[PDB]
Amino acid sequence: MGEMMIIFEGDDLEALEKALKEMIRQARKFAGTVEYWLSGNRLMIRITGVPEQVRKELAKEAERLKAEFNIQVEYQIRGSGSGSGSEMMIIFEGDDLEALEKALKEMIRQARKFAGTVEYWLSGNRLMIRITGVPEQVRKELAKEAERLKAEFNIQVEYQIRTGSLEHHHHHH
């Protein structure tokens, strides 16, 4: 297990999407889970559930795509958390921006206080906070704080929880 951020940049949209197609084919081949986002001339690809040697191989693939499609490539790695696979995600919603950003400040100081690392995204009236590397007891407290901020600033809250880092997709036919 490990995370990897790969960034493709190029002015040719078609070549960029050809590189995407191949990169995520390689990642999925090594049992990677890919997240990606295309905006303008930039393509960002987040690959999770991949150990060290797999990341080394995917890096090789990224370097090869750089030559084949004439694009710029940069990649970054966690790189190696000692212990990991303990995740929580919180979503705040409200029409008051000022209150939302107060909630953000309190939640991430709290999360960092319990030695958790945060990622957050504010867009419109929706604020998303992702907290990783956080065990069961900590999530219980962070949930309390979420409920505290919920009541205090009169905003909406919802949660999604990952505990095993094993992801199950169900298909019905």
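Residue positions are given as counts along the sequence shown, with the first one as 1.
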### Query
Going by the B-factors listed in the PDB entry, is the mean over the C-alpha atoms higher for 146-154 or for 9-17?
146-154
### Task
Decide which of the stretches 67-75 and 80-88 has the higher mean C-alpha B-factor, going by the entry.
80-88
### Query
From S39, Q53, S123, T33, which pick has the Cα B-factor that tops the rest in the entry?
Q53
### Summary
One of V138, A62, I108, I47 has the largest Cα B-factor in the entry, namely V138
### Query
C-alpha B factor of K113, ranked within the chain: lowest, middle or highest third?
highest
### CA B-factor ranking of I131, expressed as a third of its chain
middle
